[PDB]
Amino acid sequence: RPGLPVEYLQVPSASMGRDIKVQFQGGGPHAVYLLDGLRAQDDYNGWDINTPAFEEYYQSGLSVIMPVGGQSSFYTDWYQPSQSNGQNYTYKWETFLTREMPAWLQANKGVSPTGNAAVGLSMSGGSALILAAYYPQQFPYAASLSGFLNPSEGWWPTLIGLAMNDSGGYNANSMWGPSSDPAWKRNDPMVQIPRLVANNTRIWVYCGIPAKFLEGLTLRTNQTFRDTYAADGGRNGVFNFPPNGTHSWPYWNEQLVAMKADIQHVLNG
């Protein structure tokens, strides 16, 4: 029974000055990092609350890592605490995911710090792509399921700010500064397409004010990302835009299952 039982771990974060809970299933030296959505809770990762992800990846030859917490964090290193909502520390989730957590998992379990997959949805879809863009040795594979693919452009900084405020009262200004700050472009998957191409990252991209207007913005940004990836010489992407696909856990799970063979072949093949 490889990797069982599912474990709940306490992993210290020096950068955040606290312990981060991590749900973990073993089964191989390489791992799928399953990142949570905008409303990430402090008890369980949304993948475990809403999907059979652990069971689906049981005996896949891959470990599964579900970090817990980080509501509205975008899994990034923030400039400062979100003072607005009383946050008493600075989110440093990029530091945690790229240094602190892999060091702990390597030392204690033998999970490789390199050759892994980052899989994100909603808020963390972009995160996964950005992690692969800047840390290609750690993440030769990244999936973005309904992610914000061009967060620095047009309506997106405003919409992201509003979403973060609605999800725990977090302040985008404290995260990446005003939309004019270099951090917005740094953390914009569209802008970092040349890195994804140069790194030959295997990317898996899914997607499904008035709703119609939002849908229009989303459709256009997604098409632009896909087109720009192709134009920039990208040749290692899967783009899934099925008409009946939705922005929900059941279809995010469908995509997680669909990509399993893909991840196995890239990471273990």
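Numbering starts at 1 and follows the sequence shown. Each form is matched to the other, and the largest set of C-alpha atoms that superpose within 1.5 Å is called the rigid core.
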item: More shifted region, core-based fit in 5 other deposited structures of this protein, 77-85 vs 115-123 by CA; value: 77-85
item: Positional deviation of Cα atoms in 5 other deposited structures of this protein after core superposition, greater for 16-24 or 243-251; value: 243-251
item: Residues of the deposited sequence left unbuilt between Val238 and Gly237; value: none
item: Greater mean Cα temperature factor according to the PDB record, 113-121 or 154-162; value: 154-162
item: Stretch with the greater mean C-alpha B-factor as recorded in the entry, comparing 250-258 against 14-22; value: 14-22
item: Among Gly177, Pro136, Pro189, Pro102 - the residue whose C-alpha B-factor is largest in the record; value: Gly177
item: Highest-ranked of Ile203, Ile209, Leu62, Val68 once sorted by CA temperature factor in the record; value: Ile209
item: Third of the chain, ranked by Cα B-factor, where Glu94 sits; value: lowest
item: Chain third (lowest, middle, highest) by recorded CA B-factor, residue given as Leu214; value: highest
item: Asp48, C-alpha B-factor rank within chain (lowest, middle or highest third); value: lowest
item: Cα B factor band for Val197 (lowest, middle or highest third within the chain); value: middle
item: Relative C-alpha B-factor of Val266, binned into the chain's lowest, middle or highest third; value: highest
